[PDB]
C-alpha cells in the first residue's frame, strides 16, 4: 500500500546533522545537478513505521496509538537509553543515499521497537508497516525527489561523489523522541515534517 504518515525519530544531535550537511555540500560542489535530490536542512530522521491515516478521526487514533507506544519503548530499552551510532555511507541500489547505522545490540532493540509500533497501531485499526524487512537508515539524498534527473544525465548516485565519507563517523544519536509525521503536508518552518503528535523517550517524567 502507499503510506501517507510515518513515525519518525528526529536526529537531535546537531553534530550528526551538521556533518551530513558537509557531506551534501561536498557532493553538490562536484555536481550541482544533484541539488534537488538532497533532503532538506532540518528534515533528518530515522523512519520507524509507515502507515495510512486517511481522515481526521484516523489521525486522532494515530496520536492515541503513539501515546500508547511510549511505555512499550521504555520496556524494550530496560530503563536505559538507545544509542544509535551513525557511521559510513550506504545506498539502496544507488538510488537512495544514507548514513548507515553501525552494527551492534541497538539494532535489535530498534527493530523490536518498530515491530511493537506496528502491532500497537494495527490494534487501533491503522494499516501500518511493510512486508519488506526493516532496514534502519538516515537518508541524505534520494533521486526520486528529482524526477528530471532520471529523464536527464543522472540515473544513480556516483559512489566517487561520497568516497571521502564512506567510512566517516557522523556521531551518535541517543533516542529522545518519536514523532507522528505527515508525508504530504507542508513542512514546518524549521524544515522538519508536519508533526501531528510526539512523545518523549529517555527523559524523567
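Numbering follows the first chain given and starts at 1.
According to the PDB record, 151-159 carries the higher mean C-alpha B-factor of the two stretches 32-40 and 151-159. Mean CA temperature factor is higher for 131-139 when stretches 81-89 and 131-139 are set side by side in the entry. The deposited CA B-factor of residue 13 belongs to the middle third of values across its chain.
For residue 48, the recorded CA B-factor ranks within the middle third of the chain. Only modelled residues enter the ranking. Per-chain ranking of the deposited C-alpha B factor places residue 73 in the lowest third. Residue 113: CA B factor in the middle third of modelled residues in this chain (values from the PDB entry). Residue-level temperature factors show residue 96 in the middle third of its chain, judged at the C-alpha atom.
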